[PDB]
>>> print(open('work.txt').read())   # compact mmCIF, C-alpha atoms
# COMPACT_ATOMS: atom_id res chain seq x y z
CA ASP F 4 -95.69 -97.99 -169.12
CA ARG F 5 -94.99 -101.68 -169.60
CA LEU F 6 -95.10 -101.98 -165.81
CA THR F 7 -97.89 -103.98 -164.19
CA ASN F 8 -100.41 -101.98 -162.18
CA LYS F 9 -99.09 -103.47 -158.93
CA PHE F 10 -95.54 -102.43 -159.84
CA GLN F 11 -96.72 -98.91 -160.70
CA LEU F 12 -98.56 -98.65 -157.38
CA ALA F 13 -95.46 -99.81 -155.50
CA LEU F 14 -93.44 -97.13 -157.28
CA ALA F 15 -95.92 -94.49 -156.11
CA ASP F 16 -95.56 -95.87 -152.57
CA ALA F 17 -91.76 -95.79 -152.92
CA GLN F 18 -92.04 -92.07 -153.67
CA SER F 19 -94.17 -91.57 -150.55
CA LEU F 20 -91.64 -93.50 -148.49
CA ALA F 21 -88.78 -91.34 -149.74
CA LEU F 22 -90.78 -88.20 -148.92
CA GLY F 23 -91.81 -89.48 -145.50
CA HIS F 24 -88.19 -90.29 -144.65
CA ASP F 25 -86.91 -86.91 -145.91
CA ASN F 26 -84.78 -88.47 -148.65
CA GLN F 27 -84.04 -86.42 -151.75
CA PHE F 28 -84.01 -89.38 -154.13
CA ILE F 29 -86.16 -92.47 -154.53
CA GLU F 30 -83.62 -95.32 -154.40
CA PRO F 31 -83.94 -99.00 -155.26
CA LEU F 32 -84.13 -99.45 -151.46
CA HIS F 33 -87.35 -97.43 -151.33
CA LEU F 34 -88.90 -99.46 -154.14
CA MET F 35 -87.92 -102.70 -152.41
CA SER F 36 -89.38 -101.59 -149.08
CA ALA F 37 -92.64 -100.69 -150.81
CA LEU F 38 -92.75 -104.06 -152.59
CA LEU F 39 -92.07 -105.91 -149.34
CA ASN F 40 -94.94 -104.01 -147.69
CA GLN F 41 -97.39 -104.53 -150.56
CA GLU F 42 -100.34 -106.62 -149.38
CA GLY F 43 -101.02 -109.23 -152.04
CA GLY F 44 -97.72 -108.27 -153.62
CA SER F 45 -95.56 -110.80 -155.47
CA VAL F 46 -92.20 -109.91 -153.92
CA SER F 47 -92.68 -111.30 -150.41
CA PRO F 48 -93.95 -114.71 -151.51
CA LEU F 49 -91.27 -114.81 -154.24
CA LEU F 50 -88.56 -114.39 -151.58
CA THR F 51 -90.12 -116.94 -149.24
CA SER F 52 -90.25 -119.35 -152.18
CA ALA F 53 -86.59 -118.65 -152.96
CA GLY F 54 -85.77 -119.48 -149.34
CA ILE F 55 -85.11 -115.89 -148.28
CA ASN F 56 -86.52 -114.44 -145.05
CA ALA F 57 -88.72 -111.56 -146.20
CA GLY F 58 -89.26 -110.42 -142.62
CA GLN F 59 -85.58 -109.88 -141.87
CA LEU F 60 -85.12 -108.38 -145.31
CA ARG F 61 -87.46 -105.46 -144.61
CA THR F 62 -85.55 -104.86 -141.37
CA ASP F 63 -82.19 -104.67 -143.14
CA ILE F 64 -83.71 -102.54 -145.89
CA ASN F 65 -85.18 -100.19 -143.29
CA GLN F 66 -81.76 -100.00 -141.63
CA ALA F 67 -80.22 -99.03 -144.97
CA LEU F 68 -82.96 -96.44 -145.60
CA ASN F 69 -82.18 -94.99 -142.17
CA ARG F 70 -78.57 -94.42 -143.32
CA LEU F 71 -79.45 -92.38 -146.41
CA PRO F 72 -78.81 -88.62 -146.48
CA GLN F 73 -81.83 -86.49 -145.56
CA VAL F 74 -83.01 -83.07 -146.72
CA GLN F 82 -87.24 -87.56 -157.67
CA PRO F 83 -86.10 -91.02 -158.80
CA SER F 84 -82.36 -91.51 -158.41
CA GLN F 85 -80.34 -92.55 -161.43
CA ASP F 86 -79.73 -95.78 -159.49
CA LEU F 87 -83.47 -96.48 -159.68
CA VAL F 88 -83.74 -95.49 -163.34
CA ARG F 89 -80.86 -97.87 -164.05
CA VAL F 90 -82.42 -100.84 -162.22
CA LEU F 91 -85.79 -100.17 -163.85
CA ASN F 92 -84.08 -100.18 -167.24
CA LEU F 93 -82.69 -103.65 -166.44
CA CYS F 94 -86.16 -104.78 -165.35
CA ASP F 95 -87.31 -103.83 -168.83
CA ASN F 96 -84.49 -105.79 -170.50
CA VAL F 97 -85.12 -108.81 -168.25
CA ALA F 98 -88.83 -108.79 -169.07
CA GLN F 99 -87.87 -108.71 -172.76
CA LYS F 100 -85.44 -111.61 -172.38
CA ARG F 101 -87.94 -113.75 -170.47
CA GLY F 102 -90.62 -112.91 -173.01
CA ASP F 103 -92.98 -111.26 -170.51
CA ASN F 104 -95.72 -108.96 -171.84
CA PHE F 105 -95.33 -106.61 -168.87
CA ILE F 106 -92.69 -105.82 -166.28
CA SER F 107 -93.68 -107.37 -162.96
CA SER F 108 -92.51 -106.84 -159.38
CA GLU F 109 -90.59 -110.14 -159.26
CA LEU F 110 -88.22 -108.93 -161.97
CA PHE F 111 -87.17 -106.03 -159.76
CA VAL F 112 -85.67 -108.48 -157.25
CA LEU F 113 -83.58 -110.07 -160.00
CA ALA F 114 -82.52 -106.77 -161.57
CA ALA F 115 -81.62 -105.26 -158.18
CA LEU F 116 -79.49 -108.30 -157.38
CA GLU F 117 -77.50 -107.65 -160.57
CA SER F 118 -77.19 -103.86 -160.19
CA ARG F 119 -74.56 -103.55 -157.43
CA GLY F 120 -74.96 -101.00 -154.67
CA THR F 121 -76.52 -101.34 -151.24
CA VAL F 122 -79.66 -103.25 -152.19
CA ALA F 123 -77.67 -105.84 -154.15
CA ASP F 124 -75.36 -106.28 -151.14
CA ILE F 125 -78.30 -106.78 -148.78
CA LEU F 126 -79.95 -109.28 -151.13
CA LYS F 127 -76.72 -111.26 -151.55
CA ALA F 128 -76.15 -111.35 -147.79
CA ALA F 129 -79.77 -112.47 -147.38
CA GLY F 130 -79.08 -115.47 -149.62
CA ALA F 131 -80.44 -114.26 -152.94
CA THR F 132 -78.69 -115.42 -156.11
CA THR F 133 -79.45 -115.08 -159.80
CA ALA F 134 -80.19 -118.80 -159.57
CA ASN F 135 -82.70 -119.03 -156.74
CA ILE F 136 -84.48 -115.81 -157.73
CA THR F 137 -84.76 -116.82 -161.38
CA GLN F 138 -86.13 -120.18 -160.25
CA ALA F 139 -88.68 -118.52 -157.99
CA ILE F 140 -89.68 -116.22 -160.85
CA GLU F 141 -90.19 -119.09 -163.31
CA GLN F 142 -92.11 -120.97 -160.62
>>> encode(input="work.txt", output="structure tokens")
Amino acid sequence: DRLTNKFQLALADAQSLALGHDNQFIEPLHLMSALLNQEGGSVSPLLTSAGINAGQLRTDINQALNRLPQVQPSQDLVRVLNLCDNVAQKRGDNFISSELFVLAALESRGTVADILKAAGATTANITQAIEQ
């Protein structure tokens, strides 16, 4: 799609994570976990730059993943990805990058947004990190 190759690869990993954890749906949480674990990925350094502890974030995200029902993208994920698209359009980006997911997730309510807020993420410090 309009997604960067790195973002597409993280999505594939998110699917593997959902499968490996016996979850029926790939949730924004799965995508986030994948992005946090992506060597050379943009998400971890973006968070560190925004003043958010990426290490503790993956722990809280893993805790949330551990709470999901066990038994394929969820509508939650489709929704957040749609906002990523809109955000890329508003910022004038040619493609949808991983950093936008952090911003879109923060503005999409639900568990991931709650975790990000508690971790110190705000539309302001994430947007600043993105522009930087």
>>> atom_distance(input="work.txt", atom1="CA of residue 13 (chain F)", atom2="CA of residue 38 (chain F)")
5.8 Å
>>> residues_around(input="work.txt", residues="residue 126 (chain F)", least_positions_apart="6", cutoff="10 Å", atoms="all atoms listed in the file", output="MDAnalysis selection string")
chainID F and resid 55 60 63:64 112:113 115:117 132
>>> residues_around(input="work.txt", residues="residue 19 (chain F)", least_positions_apart="4", cutoff="12 Å", atoms="only C-alpha atoms", output="CSV table (one decimal) with C-alpha atoms, in the coordinates of the input")
chain,number,residue,atom,x,y,z
F,12,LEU,CA,-98.6,-98.6,-157.4
F,13,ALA,CA,-95.5,-99.8,-155.5
F,14,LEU,CA,-93.4,-97.1,-157.3
F,15,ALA,CA,-95.9,-94.5,-156.1
F,23,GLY,CA,-91.8,-89.5,-145.5
F,24,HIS,CA,-88.2,-90.3,-144.6
F,25,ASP,CA,-86.9,-86.9,-145.9
F,26,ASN,CA,-84.8,-88.5,-148.6
F,27,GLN,CA,-84.0,-86.4,-151.8
F,28,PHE,CA,-84.0,-89.4,-154.1
F,29,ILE,CA,-86.2,-92.5,-154.5
F,30,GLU,CA,-83.6,-95.3,-154.4
F,33,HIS,CA,-87.4,-97.4,-151.3
F,34,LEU,CA,-88.9,-99.5,-154.1
F,36,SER,CA,-89.4,-101.6,-149.1
F,37,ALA,CA,-92.6,-100.7,-150.8
F,82,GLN,CA,-87.2,-87.6,-157.7
F,83,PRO,CA,-86.1,-91.0,-158.8
>>> closest_residue(input="work.txt", among="F:125, F:108, F:65, F:96", to="residue 43 (chain F)", atoms="only C-alpha atoms")
F:108
>>> residues_around(input="work.txt", residues="residue 135 (chain F)", least_positions_apart="4", cutoff="9 Å", atoms="all atoms listed in the file", output="PyMOL selection string")
chain F and resi 52-54+130-131+139-140
>>> residues_around(input="work.txt", residues="residue 106 (chain F)", least_positions_apart="6", cutoff="8 Å", atoms="only C-alpha atoms", output="list in words")
residues 5, 6, 7, 10, 94, 95 and 98 of chain F
>>> closest_residue(input="work.txt", among="F:133, F:11, F:89, F:4", to="residue 44 (chain F)", atoms="all atoms listed in the file")
F:11
